[PDB]
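*Asks:* Before I ask anything, let me first share the structure, which is written out below as structure tokens.
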Amino acid sequence: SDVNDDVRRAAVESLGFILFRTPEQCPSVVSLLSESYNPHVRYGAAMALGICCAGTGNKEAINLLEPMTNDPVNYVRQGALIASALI
Amino acid sequence: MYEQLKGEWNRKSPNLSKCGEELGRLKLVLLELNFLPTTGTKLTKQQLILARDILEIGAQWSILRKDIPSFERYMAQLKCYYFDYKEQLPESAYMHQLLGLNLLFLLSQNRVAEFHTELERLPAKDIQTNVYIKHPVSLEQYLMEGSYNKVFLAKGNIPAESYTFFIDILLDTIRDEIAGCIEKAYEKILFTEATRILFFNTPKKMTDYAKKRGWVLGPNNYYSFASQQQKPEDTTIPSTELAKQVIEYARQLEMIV
Amino acid sequence: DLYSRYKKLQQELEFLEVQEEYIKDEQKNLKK
Amino acid sequence: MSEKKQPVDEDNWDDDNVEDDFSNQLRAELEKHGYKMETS
Amino acid sequence: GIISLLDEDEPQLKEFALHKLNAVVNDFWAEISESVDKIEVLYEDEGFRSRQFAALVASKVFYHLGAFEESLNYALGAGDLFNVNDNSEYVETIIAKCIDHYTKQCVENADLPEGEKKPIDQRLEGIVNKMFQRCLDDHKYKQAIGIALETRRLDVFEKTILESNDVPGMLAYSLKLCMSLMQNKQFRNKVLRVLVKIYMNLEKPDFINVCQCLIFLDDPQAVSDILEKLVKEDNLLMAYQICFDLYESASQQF
Amino acid sequence: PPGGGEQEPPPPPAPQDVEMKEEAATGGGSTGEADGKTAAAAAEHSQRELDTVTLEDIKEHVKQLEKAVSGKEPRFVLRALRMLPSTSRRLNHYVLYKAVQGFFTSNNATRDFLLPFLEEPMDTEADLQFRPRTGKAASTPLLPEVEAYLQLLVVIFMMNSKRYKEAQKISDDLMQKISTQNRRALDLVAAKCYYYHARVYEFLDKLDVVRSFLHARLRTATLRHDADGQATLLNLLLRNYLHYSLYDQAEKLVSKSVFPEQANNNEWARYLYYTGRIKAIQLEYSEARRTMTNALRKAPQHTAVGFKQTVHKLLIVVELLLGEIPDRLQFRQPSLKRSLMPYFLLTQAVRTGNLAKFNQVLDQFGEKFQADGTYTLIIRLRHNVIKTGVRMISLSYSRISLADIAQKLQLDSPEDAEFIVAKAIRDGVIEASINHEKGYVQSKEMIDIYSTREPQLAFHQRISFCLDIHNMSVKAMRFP
Amino acid sequence: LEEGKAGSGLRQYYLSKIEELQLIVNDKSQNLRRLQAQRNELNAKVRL
């Protein structure tokens, strides 16, 4: 509902801070939010997928971040590299 | 056990201690055995020969003593006793009269839906023979044709006794419907129209209707009040429900994607 | 196991309902 | 596709509507229809 | 034919009518619609000694219709002739609604600990513990601990974890269920502080269980009350272990 | 043997093979669907079910010697199927018993060995895991056993196969019900044996223990979820009681259970037929015919099967009691030829003002009227014939007198003509009024309906119904 | 019976209760995936 990109990032980056205990829910919501129309909703979903799952071989978060790093926009390629290194 | 089989029934029944005797006689039969499984074993059919008969004479007593909740009790208890799974139960000569007493009773209480749905149990006793069922079904036919005369001309023709409390209610359920049909936008008619709509040459009935309802005889002319409606509608007044209908459209058009 | 599953079916039911609201919520707002 | 309930189960082209309307109303249409003038 | 018998004022007749009613209720289902109204209007007669079966067949019809609260109000009001039944498809569902009704009352009353509590019938808890006595008869206390967590009650929690318990290791199993699946933080210290009751008077005190709970709780002095005892008992090989576990787990300000 | 024996080798081998493969890949397909993704609503369960009703009832009716259907019981006698080596050993057996019965003969059925073919395949280390495999292999002998129609120590083998199937049915529904739910096939499988359980009793006696058990299954169902079990179980309780020419109409009236909510477009068609019969016999005609229509117009994808013959035969009867009657013989059938003539002769004499031809046709065709299954036409038609005349006159004449309508209706009594119209106005035949002064009978006055709040109320019916058509059709399709 | 008198009073409270918690999730999975794909259609429109 909000329109500034900064709060739209910070809301969808907060997914990992609230659901890190259950990793079976973070790829459920990121996989749709990481395919929005703007990059910002796609970007903060990429940081949330990285900070939710700490060090577990997931193979789904890897599968979701692969088109995320395959993007024309430079910073959404960046955080996908950040999230891939974090997982 | 074997208590008062045929007492005061073949001649008269003015007394009332036979009621509590038959009541205690009904206490004995239910405390003998239940009628619920009823598989075979003619020994327990013998006690069902008597148990049906004591309700039959109990029903003959209730129709003799002018009792409305009793007659429907004994008949439904008899109807449960004809309702048997393994009913061999040899031929009772009063069942044709008993069903005729039920069928005219149900027609008297204005149950035309219950009238027809009862008429499924008799295969070929309606047309071939058995006036005791043929007389109510000819009577229902005469209500559907439109011949009120043929109803009361046939009132003085009874096969079994007189069916007096049945034709009294049958008089009762006709004349109010006739009175309910006439209390309309009519204003006044002479005695001769109430001699054609109704019947007999100056009975106490016109006095009965004069004390209860109106129809007051004045100078050889009755007076019926108008029972029509006079509601001055405007109908743009229920404009709120119309705007309610317009809004709930666009509610249902939107709001779910 | 009969008690352990029953809260888990609640948690999967509750996690589903916040989602299916939100995707109805987003798709309403995505039309603008 | 049978549904387990079966107890038991030319001359014109389509002329039911006229025959449901008029079945036997002296279709020669001459003898009263043309001959009222002798009666009046 | 029972309907006019229910109309006639005779107590030996009415007993025989409801004796025929509760036996045939498997077959006549909505035929007795008007009569169970006449039974229920004539239920307020306290001097009439057929009221238990009166509340029985009033319960039998409304569950068939679907009126579950009125089935449940007359299941409690029936009494012991209700309470004898345990082997049926009918009885198992209304007690399921009763445990449903009982725990949603206790969930409701756990939000107002300062009085204003709803009244509690004794017959509804009279089948709570009777079922819980059937829970102990199972030799399966995971079944018994489940209702005990749902009902929001603490002494039944303490009694299940120490009764027979083959093998006695359910103190960790209850601690995992409290830690993993939980939403409320209100009674979460209550479940924690009733675990430290059984941990402290356990036959093998005290080191690992209470200290890990009091890391999770906020007791700065109760840890020092027992760590002094760990030093006083001349035990420094595992006191060395429990203090590193306190250092690694617990954060600042503790 | 020169003519008929040479065409004995071609019929077994390939229909033995191709019918066996289709039910194998479905039963293997049902098992994987039972194991993972139990959401099998648009899966192959119903279409395999639509095969067994149609093809296996018209492909074969006998037990199929040269071990074709008779070889299914000595094939499936040694089946255990528990562990992954145990399944691979049984899959080795599935190949071997087909290869032997395909090459040579193994074990033959002589219409008497029905107890060894049903107890030992039920036994021999069989488990309660592969539940539709067990329920199908007990339901498939029930068809040729009835279709043989020999009745020589056969009813008891029907009966024990039913009771074992019911014992396997209760063992499913009570113990280990964790994501199997075979009710989608078990309802019809219960319905098929109950058709046979009715018919076998109908060869000899009545049936009431079948219905007391059917209450009991209805008692043990209907609390979980309504998943088209309760719908068919309601009809099987309803069909016999209407077939009994005594009573049980009031039992259906108080039957507050009308919520099956889905029917696979199969049950609701015939469910709306039976409740139309009951609203017709309870003298509620307007709601009767509109759902009698709704039953007939639903599924016409039927090549002269008979219920379509029977709803069409009754719908024209309830239309005659109302008064209007359209064409009915416009879709002529080779089965309709023995049914189109009496009712068309019936509606001819009704709509005309004749009586003696009507009674002659009634005297001639009463044997069919009893064989069809309605008796109330004898009382409900004599109201129609006397009111067909007054409705046509009141529709025609704007203002007719009583002395004219008495002579027009061959009545010979100018006194009850006020009484007939008073019955006509009361019963709702026509809205008129009698001026009881000299015999003026007027009629309607105004014809304006347009700006008088008529059209909007029908329009509010059209909007709210079709948006409900819309949103249901929205949700029914976005499954992926 | 140490078990037969226990499967209808205390286990049957659990088995008859989990089934509704299973079938709603089984139903609302269709209703979720309905909203999923409908969101994927409109997002494919706006991005293009």
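Naming works like this for the structure tokens: A, B, ... for the chains as they're shown, residue 1 at the start of each chain, ligands 1 onward in shown order.
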Find the residues of chain E in contact range of chain A, meaning any atom within 12 Å when counting only C-alpha atoms, and list them as a PyMOL selection string.
*Replies:* chain E and resi 179-181
*Asks:* List every residue of range 76-242 of chain B that DSSP, applied to the backbone of this structure, assigns to alpha helix (DSSP H), and report them as a tab-separated table (two decimals) with C-alpha atoms, in the first residue's frame.
*Replies:*
chain	number	residue	atom	x	y	z
B	76	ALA	CA	-52.60	-44.01	14.92
B	77	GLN	CA	-52.00	-46.87	17.34
B	78	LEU	CA	-54.05	-49.11	15.05
B	79	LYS	CA	-52.20	-47.68	12.05
B	80	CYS	CA	-48.96	-48.67	13.75
B	81	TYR	CA	-50.42	-52.16	14.22
B	82	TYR	CA	-51.25	-52.42	10.54
B	95	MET	CA	-60.47	-52.53	8.61
B	96	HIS	CA	-62.52	-51.26	5.67
B	97	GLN	CA	-64.79	-49.35	8.03
B	98	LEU	CA	-61.85	-48.23	10.18
B	99	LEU	CA	-60.03	-46.72	7.21
B	100	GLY	CA	-63.30	-45.12	6.13
B	101	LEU	CA	-63.65	-43.56	9.55
B	102	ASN	CA	-60.10	-42.22	9.27
B	103	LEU	CA	-60.48	-40.99	5.70
B	104	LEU	CA	-63.62	-38.95	6.40
B	105	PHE	CA	-62.06	-37.64	9.62
B	106	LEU	CA	-59.01	-36.38	7.73
B	107	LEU	CA	-61.26	-34.77	5.11
B	108	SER	CA	-63.19	-33.13	7.95
B	112	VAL	CA	-56.47	-32.48	1.39
B	113	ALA	CA	-52.73	-33.15	1.11
B	114	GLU	CA	-52.96	-35.83	3.76
B	115	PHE	CA	-56.12	-37.14	2.06
B	116	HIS	CA	-54.43	-38.13	-1.19
B	117	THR	CA	-51.12	-39.37	0.28
B	118	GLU	CA	-53.09	-41.80	2.43
B	131	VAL	CA	-68.39	-48.04	-0.35
B	132	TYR	CA	-66.61	-47.16	2.94
B	133	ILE	CA	-63.68	-45.79	0.94
B	134	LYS	CA	-65.73	-45.08	-2.21
B	135	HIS	CA	-67.96	-42.61	-0.32
B	136	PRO	CA	-65.17	-40.19	0.79
B	137	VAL	CA	-63.42	-40.28	-2.60
B	138	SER	CA	-66.69	-39.55	-4.38
B	139	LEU	CA	-67.14	-36.75	-1.84
B	140	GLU	CA	-63.74	-35.20	-2.59
B	141	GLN	CA	-64.65	-35.43	-6.29
B	142	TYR	CA	-67.81	-33.44	-5.57
B	143	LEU	CA	-65.82	-30.70	-3.83
B	144	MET	CA	-63.55	-30.45	-6.87
B	145	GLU	CA	-66.39	-30.34	-9.41
B	148	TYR	CA	-72.51	-28.09	-3.18
B	149	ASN	CA	-75.99	-29.56	-3.65
B	150	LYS	CA	-74.59	-33.04	-4.34
B	151	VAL	CA	-72.71	-32.84	-1.04
B	152	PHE	CA	-75.79	-32.36	1.11
B	153	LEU	CA	-78.09	-34.57	-0.97
B	164	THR	CA	-72.73	-37.55	12.47
B	165	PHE	CA	-69.66	-35.95	14.04
B	166	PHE	CA	-67.98	-36.19	10.63
B	167	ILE	CA	-70.75	-34.43	8.70
B	168	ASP	CA	-71.10	-31.83	11.47
B	169	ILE	CA	-67.49	-30.77	10.96
B	170	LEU	CA	-68.10	-31.15	7.22
B	171	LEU	CA	-70.98	-28.71	7.58
B	172	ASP	CA	-68.67	-26.57	9.71
B	173	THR	CA	-65.77	-26.49	7.24
B	174	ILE	CA	-68.06	-25.67	4.31
B	175	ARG	CA	-70.21	-22.89	5.75
B	176	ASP	CA	-67.34	-20.77	7.07
B	177	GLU	CA	-65.52	-21.10	3.73
B	178	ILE	CA	-68.79	-20.02	2.09
B	179	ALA	CA	-68.98	-17.20	4.65
B	180	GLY	CA	-65.30	-16.44	4.05
B	181	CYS	CA	-65.93	-16.33	0.30
B	182	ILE	CA	-68.80	-13.86	0.63
B	205	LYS	CA	-78.53	-20.11	11.35
B	206	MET	CA	-79.46	-16.60	10.18
B	207	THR	CA	-79.95	-15.83	13.87
B	208	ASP	CA	-76.66	-17.62	14.56
B	209	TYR	CA	-74.90	-15.40	12.03
B	210	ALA	CA	-76.75	-12.33	13.33
B	211	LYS	CA	-75.44	-12.69	16.89
B	212	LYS	CA	-71.92	-13.78	15.96
B	240	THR	CA	-33.44	3.30	-0.36
B	241	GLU	CA	-33.63	-0.42	-1.15
B	242	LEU	CA	-33.11	0.44	-4.82
*Asks:* So that I can see what lies close to residue 7 in chain C, please list as an mmCIF file with C-alpha atoms, in the first residue's frame the residues with an atom at most 10 Å from it, counting only C-alpha atoms and leaving out residues fewer than 3 positions away in the same chain.
*Replies:*
data_model
loop_
_atom_site.group_PDB
_atom_site.id
_atom_site.type_symbol
_atom_site.label_atom_id
_atom_site.label_comp_id
_atom_site.auth_asym_id
_atom_site.auth_seq_id
_atom_site.Cartn_x
_atom_site.Cartn_y
_atom_site.Cartn_z
ATOM 1 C CA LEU C 2 -1.251 -37.130 17.370
ATOM 2 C CA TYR C 3 -0.768 -33.909 19.333
ATOM 3 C CA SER C 4 2.387 -32.803 17.508
ATOM 4 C CA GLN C 10 -2.796 -24.906 12.672
ATOM 5 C CA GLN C 11 0.499 -23.182 11.856
ATOM 6 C CA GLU C 12 0.206 -24.147 8.193
ATOM 7 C CA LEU C 13 -3.388 -22.919 8.201
ATOM 8 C CA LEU E 181 5.223 -24.991 19.095
ATOM 9 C CA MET E 182 3.898 -22.066 21.130
ATOM 10 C CA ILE G 18 -7.056 -32.930 12.698
ATOM 11 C CA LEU G 21 -7.352 -28.796 9.970
#
*Asks:* With a distance cut-off of 9 Å and only C-alpha atoms, select the neighbouring residues of residue 3 in chain G, excluding the residue or stretch itself and same-chain residues fewer than 5 positions from it, and output the selection as a list in words.
*Replies:*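 In the requested format, the answer is residues 137, 138 and 139 of chain E.
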*Asks:* Could those residues be written to a file, using C-alpha atoms, as a compact mmCIF listing (two decimals), in the first residue's frame?
*Replies:*
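Heads up, here's the output in result07.txt:
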# COMPACT_ATOMS: atom_id res chain seq x y z
CA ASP E 137 -5.46 -46.02 31.72
CA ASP E 138 -4.03 -45.97 28.19
CA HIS E 139 -0.42 -46.33 29.37
*Asks:* Could you work out which residues of chain E fall inside 7 Å of chain G? Count only C-alpha atoms, and format the result as an MDAnalysis selection string.
*Replies:* chainID E and resid 92 96 131 134:135 137:138 143
*Asks:* Counting only C-alpha atoms, which residues of chain G sit at most 10 Å from some atom of chain B, and what is each one's closest atom pair with its distance in Å to one decimal, listed by chain and rising residue number, as JSON lines?
*Replies:*
{"residue": "G:35", "atom": "CA", "partner": "B:257", "partner_atom": "CA", "distance": 8.1}
{"residue": "G:38", "atom": "CA", "partner": "B:257", "partner_atom": "CA", "distance": 8.0}
{"residue": "G:39", "atom": "CA", "partner": "B:257", "partner_atom": "CA", "distance": 9.1}
*Asks:* Find the residues near range 10-12 of chain D: any atom within 10 Å, counting only C-alpha atoms, skip ones fewer than 3 places away on the same chain, and give them as JSON, numbers by chain.
*Replies:* {"D": [15, 16], "F": [332]}
*Asks:* Residues of chain E near chain C: apply a cut-off of 10 Å, count only C-alpha atoms, and supply the list as a PyMOL selection string.
*Replies:* chain E and resi 142-147+149-150+177+181-183
*Asks:* Could you pull out all residues of range 422-466 of chain F with a DSSP call of strand (DSSP E) and give them as a list in words?
*Replies:*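 Of range 422-466 of chain F, the ones in strand (DSSP E) are residues 433, 434, 435, 440, 441 and 442 of chain F.
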*Asks:* Would you pick out the contacts of residue 32 in chain G at 12 Å or less, using only C-alpha atoms, so that residues sharing its chain but fewer than 5 positions from it are not included, and give the list as a PyMOL selection string?
*Replies:* (chain A and resi 28) or (chain C and resi 13+15-24) or (chain F and resi 475+478-480) or (chain G and resi 24-27+37-39)
*Asks:* Can I get the selected residues back with N, CA and C atoms, as a JSON list (two decimals), in the first residue's frame?
*Replies:*
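Below is the file again_35.json, written as the result:
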[["chain", "number", "residue", "atom", "x", "y", "z"],
["A", 28, "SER", "N", 8.55, -19.29, 0.56],
["A", 28, "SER", "CA", 7.17, -19.27, 0.11],
["A", 28, "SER", "C", 6.74, -17.87, -0.30],
["C", 13, "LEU", "N", -2.15, -23.61, 8.52],
["C", 13, "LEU", "CA", -3.39, -22.92, 8.20],
["C", 13, "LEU", "C", -3.25, -21.42, 8.43],
["C", 15, "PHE", "N", -0.40, -19.60, 8.53],
["C", 15, "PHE", "CA", 0.55, -19.02, 7.58],
["C", 15, "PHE", "C", -0.06, -18.89, 6.20],
["C", 16, "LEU", "N", -1.01, -19.76, 5.87],
["C", 16, "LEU", "CA", -1.66, -19.68, 4.56],
["C", 16, "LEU", "C", -2.58, -18.48, 4.50],
["C", 17, "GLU", "N", -3.28, -18.19, 5.60],
["C", 17, "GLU", "CA", -4.35, -17.19, 5.56],
["C", 17, "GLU", "C", -3.80, -15.78, 5.48],
["C", 18, "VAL", "N", -2.61, -15.55, 6.03],
["C", 18, "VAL", "CA", -2.01, -14.23, 5.90],
["C", 18, "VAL", "C", -1.50, -14.04, 4.48],
["C", 19, "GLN", "N", -1.09, -15.14, 3.84],
["C", 19, "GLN", "CA", -0.67, -15.06, 2.45],
["C", 19, "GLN", "C", -1.83, -14.77, 1.52],
["C", 20, "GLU", "N", -2.90, -15.58, 1.60],
["C", 20, "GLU", "CA", -3.99, -15.47, 0.63],
["C", 20, "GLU", "C", -4.77, -14.18, 0.79],
["C", 21, "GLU", "N", -4.72, -13.57, 1.98],
["C", 21, "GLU", "CA", -5.20, -12.20, 2.10],
["C", 21, "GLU", "C", -4.31, -11.25, 1.32],
["C", 22, "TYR", "N", -3.00, -11.38, 1.52],
["C", 22, "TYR", "CA", -2.03, -10.44, 1.00],
["C", 22, "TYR", "C", -1.97, -10.47, -0.52],
["C", 23, "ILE", "N", -2.18, -11.64, -1.11],
["C", 23, "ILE", "CA", -2.12, -11.70, -2.56],
["C", 23, "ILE", "C", -3.41, -11.17, -3.15],
["C", 24, "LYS", "N", -4.52, -11.30, -2.42],
["C", 24, "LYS", "CA", -5.72, -10.55, -2.77],
["C", 24, "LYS", "C", -5.51, -9.06, -2.52],
["F", 475, "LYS", "N", -13.91, -19.15, -10.05],
["F", 475, "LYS", "CA", -13.13, -19.92, -9.08],
["F", 475, "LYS", "C", -12.91, -21.35, -9.54],
["F", 478, "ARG", "N", -9.25, -21.28, -12.31],
["F", 478, "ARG", "CA", -7.86, -20.95, -11.99],
["F", 478, "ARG", "C", -7.30, -21.93, -10.96],
["F", 479, "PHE", "N", -7.22, -23.20, -11.31],
["F", 479, "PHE", "CA", -6.62, -24.14, -10.39],
["F", 479, "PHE", "C", -5.09, -24.07, -10.49],
["F", 480, "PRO", "N", -4.49, -23.96, -11.71],
["F", 480, "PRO", "CA", -3.04, -23.73, -11.59],
["F", 480, "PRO", "C", -2.71, -22.24, -11.58],
["G", 24, "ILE", "N", -9.15, -28.05, 5.21],
["G", 24, "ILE", "CA", -9.23, -26.63, 4.88],
["G", 24, "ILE", "C", -7.95, -26.19, 4.18],
["G", 25, "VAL", "N", -6.80, -26.63, 4.69],
["G", 25, "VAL", "CA", -5.51, -26.37, 4.05],
["G", 25, "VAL", "C", -5.48, -26.99, 2.66],
["G", 26, "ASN", "N", -6.08, -28.17, 2.52],
["G", 26, "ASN", "CA", -6.19, -28.80, 1.20],
["G", 26, "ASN", "C", -7.11, -28.02, 0.28],
["G", 27, "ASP", "N", -8.16, -27.40, 0.83],
["G", 27, "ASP", "CA", -9.06, -26.57, 0.04],
["G", 27, "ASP", "C", -8.45, -25.21, -0.23],
["G", 37, "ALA", "N", -1.74, -17.45, -9.37],
["G", 37, "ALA", "CA", -1.65, -17.36, -10.82],
["G", 37, "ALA", "C", -2.31, -16.10, -11.35],
["G", 38, "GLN", "N", -3.41, -15.69, -10.73],
["G", 38, "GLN", "CA", -4.04, -14.42, -11.07],
["G", 38, "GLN", "C", -3.13, -13.24, -10.80],
["G", 39, "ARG", "N", -2.31, -13.31, -9.75],
["G", 39, "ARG", "CA", -1.30, -12.29, -9.54],
["G", 39, "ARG", "C", -0.20, -12.40, -10.59]]
*Asks:* Skipping near chain neighbours, those fewer than 3 positions away, what residues fall within 8 Å of residue 27 in chain E using only C-alpha atoms, listed as an NGL selection string?
*Replies:* (:E and (24)) or (:F and (212 or 215))
*Asks:* Using only C-alpha atoms and a cut-off of 12 Å, which residues of chain F sit close to chain G? Please list them as a PyMOL selection string.
*Replies:* chain F and resi 37-41+174-179+181+223-225+227+474-480
*Asks:* Restricting it to N, CA, C and O atoms, dump the selection as an mmCIF file, in the first residue's frame.
*Replies:*
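Final output, saved to selection.cif:
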data_model
loop_
_atom_site.group_PDB
_atom_site.id
_atom_site.type_symbol
_atom_site.label_atom_id
_atom_site.label_comp_id
_atom_site.auth_asym_id
_atom_site.auth_seq_id
_atom_site.Cartn_x
_atom_site.Cartn_y
_atom_site.Cartn_z
ATOM 1 N N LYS F 37 0.344 -36.420 -3.215
ATOM 2 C CA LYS F 37 -0.628 -35.522 -3.833
ATOM 3 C C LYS F 37 -1.999 -36.183 -3.868
ATOM 4 O O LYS F 37 -2.477 -36.606 -4.928
ATOM 5 N N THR F 38 -2.610 -36.335 -2.693
ATOM 6 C CA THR F 38 -3.963 -36.862 -2.562
ATOM 7 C C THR F 38 -5.027 -35.970 -3.200
ATOM 8 O O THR F 38 -6.181 -36.402 -3.308
ATOM 9 N N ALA F 39 -4.672 -34.753 -3.630
ATOM 10 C CA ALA F 39 -5.559 -33.880 -4.394
ATOM 11 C C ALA F 39 -5.722 -34.497 -5.777
ATOM 12 O O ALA F 39 -5.026 -34.167 -6.741
ATOM 13 N N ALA F 40 -6.666 -35.425 -5.859
ATOM 14 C CA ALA F 40 -6.924 -36.225 -7.043
ATOM 15 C C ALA F 40 -8.336 -35.969 -7.551
ATOM 16 O O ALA F 40 -9.033 -36.879 -8.001
ATOM 17 N N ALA F 41 -8.775 -34.710 -7.466
ATOM 18 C CA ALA F 41 -10.130 -34.351 -7.861
ATOM 19 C C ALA F 41 -10.320 -34.360 -9.369
ATOM 20 O O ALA F 41 -11.392 -34.749 -9.843
ATOM 21 N N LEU F 174 -12.791 -46.837 9.552
ATOM 22 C CA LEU F 174 -12.547 -46.699 10.983
ATOM 23 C C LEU F 174 -11.075 -46.795 11.362
ATOM 24 O O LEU F 174 -10.618 -46.047 12.229
ATOM 25 N N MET F 175 -10.325 -47.694 10.731
ATOM 26 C CA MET F 175 -8.929 -47.952 11.067
ATOM 27 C C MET F 175 -8.035 -47.490 9.921
ATOM 28 O O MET F 175 -8.262 -47.873 8.765
ATOM 29 N N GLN F 176 -7.019 -46.680 10.252
ATOM 30 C CA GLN F 176 -6.004 -46.158 9.336
ATOM 31 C C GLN F 176 -6.596 -45.458 8.115
ATOM 32 O O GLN F 176 -6.387 -45.887 6.975
ATOM 33 N N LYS F 177 -7.332 -44.372 8.355
ATOM 34 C CA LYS F 177 -7.970 -43.588 7.304
ATOM 35 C C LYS F 177 -7.082 -42.432 6.840
ATOM 36 O O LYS F 177 -7.559 -41.517 6.155
ATOM 37 N N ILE F 178 -5.785 -42.500 7.139
ATOM 38 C CA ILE F 178 -4.862 -41.388 6.924
ATOM 39 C C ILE F 178 -4.609 -41.247 5.425
ATOM 40 O O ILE F 178 -3.812 -41.989 4.844
ATOM 41 N N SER F 179 -5.324 -40.300 4.806
ATOM 42 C CA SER F 179 -5.211 -39.889 3.408
ATOM 43 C C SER F 179 -5.422 -41.028 2.414
ATOM 44 O O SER F 179 -4.579 -41.247 1.539
ATOM 45 N N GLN F 181 -9.274 -42.233 1.602
ATOM 46 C CA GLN F 181 -10.585 -41.692 1.232
ATOM 47 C C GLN F 181 -11.174 -42.244 -0.062
ATOM 48 O O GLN F 181 -11.353 -41.493 -1.026
ATOM 49 N N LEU F 223 -21.369 -37.150 9.434
ATOM 50 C CA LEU F 223 -20.753 -36.322 10.457
ATOM 51 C C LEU F 223 -19.377 -35.850 10.025
ATOM 52 O O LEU F 223 -18.938 -34.772 10.442
ATOM 53 N N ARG F 224 -18.667 -36.649 9.229
ATOM 54 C CA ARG F 224 -17.360 -36.233 8.749
ATOM 55 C C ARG F 224 -17.468 -35.023 7.833
ATOM 56 O O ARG F 224 -17.224 -33.889 8.258
ATOM 57 N N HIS F 225 -17.963 -35.256 6.622
ATOM 58 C CA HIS F 225 -18.007 -34.291 5.533
ATOM 59 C C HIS F 225 -18.945 -34.870 4.492
ATOM 60 O O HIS F 225 -18.995 -36.089 4.310
ATOM 61 N N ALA F 227 -19.370 -35.692 0.981
ATOM 62 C CA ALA F 227 -18.473 -35.882 -0.153
ATOM 63 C C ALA F 227 -19.130 -36.869 -1.122
ATOM 64 O O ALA F 227 -18.530 -37.871 -1.529
ATOM 65 N N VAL F 474 -15.529 -18.336 -12.245
ATOM 66 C CA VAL F 474 -14.183 -17.800 -12.049
ATOM 67 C C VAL F 474 -13.357 -18.737 -11.183
ATOM 68 O O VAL F 474 -12.233 -19.112 -11.542
ATOM 69 N N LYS F 475 -13.910 -19.154 -10.047
ATOM 70 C CA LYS F 475 -13.132 -19.917 -9.080
ATOM 71 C C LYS F 475 -12.910 -21.348 -9.537
ATOM 72 O O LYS F 475 -11.939 -21.990 -9.124
ATOM 73 N N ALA F 476 -13.781 -21.851 -10.406
ATOM 74 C CA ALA F 476 -13.701 -23.245 -10.805
ATOM 75 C C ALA F 476 -12.583 -23.499 -11.805
ATOM 76 O O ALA F 476 -12.312 -24.658 -12.127
ATOM 77 N N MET F 477 -11.915 -22.455 -12.300
ATOM 78 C CA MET F 477 -10.993 -22.668 -13.409
ATOM 79 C C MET F 477 -9.540 -22.308 -13.112
ATOM 80 O O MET F 477 -8.638 -22.995 -13.600
ATOM 81 N N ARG F 478 -9.254 -21.285 -12.306
ATOM 82 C CA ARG F 478 -7.859 -20.951 -11.991
ATOM 83 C C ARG F 478 -7.303 -21.929 -10.962
ATOM 84 O O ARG F 478 -6.959 -21.537 -9.846
ATOM 85 N N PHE F 479 -7.223 -23.196 -11.314
ATOM 86 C CA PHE F 479 -6.617 -24.139 -10.390
ATOM 87 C C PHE F 479 -5.091 -24.065 -10.492
ATOM 88 O O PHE F 479 -4.421 -24.113 -9.452
ATOM 89 N N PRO F 480 -4.485 -23.958 -11.708
ATOM 90 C CA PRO F 480 -3.042 -23.725 -11.591
ATOM 91 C C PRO F 480 -2.705 -22.238 -11.577
ATOM 92 O O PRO F 480 -2.653 -21.646 -12.655
#
*Asks:* If I take CA of residue 40 in chain E and CA of residue 28 in chain E, how far is one from the other in Å, to one decimal?
*Replies:*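 Answer for the CA of residue 40 in chain E to CA of residue 28 in chain E separation: 18.0 Å.
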*Asks:* Report as JSON lines the residues of chain A within 10 Å of chain C, each with its shortest atom pair and distance in Å (one decimal), using only C-alpha atoms, ordered by chain and increasing residue number.
*Replies:*
{"residue": "A:1", "atom": "CA", "partner": "C:29", "partner_atom": "CA", "distance": 6.9}
{"residue": "A:25", "atom": "CA", "partner": "C:15", "partner_atom": "CA", "distance": 8.1}
{"residue": "A:28", "atom": "CA", "partner": "C:19", "partner_atom": "CA", "distance": 9.2}
{"residue": "A:29", "atom": "CA", "partner": "C:19", "partner_atom": "CA", "distance": 7.7}
{"residue": "A:32", "atom": "CA", "partner": "C:23", "partner_atom": "CA", "distance": 9.5}
{"residue": "A:36", "atom": "CA", "partner": "C:30", "partner_atom": "CA", "distance": 9.8}
{"residue": "A:37", "atom": "CA", "partner": "C:30", "partner_atom": "CA", "distance": 9.4}
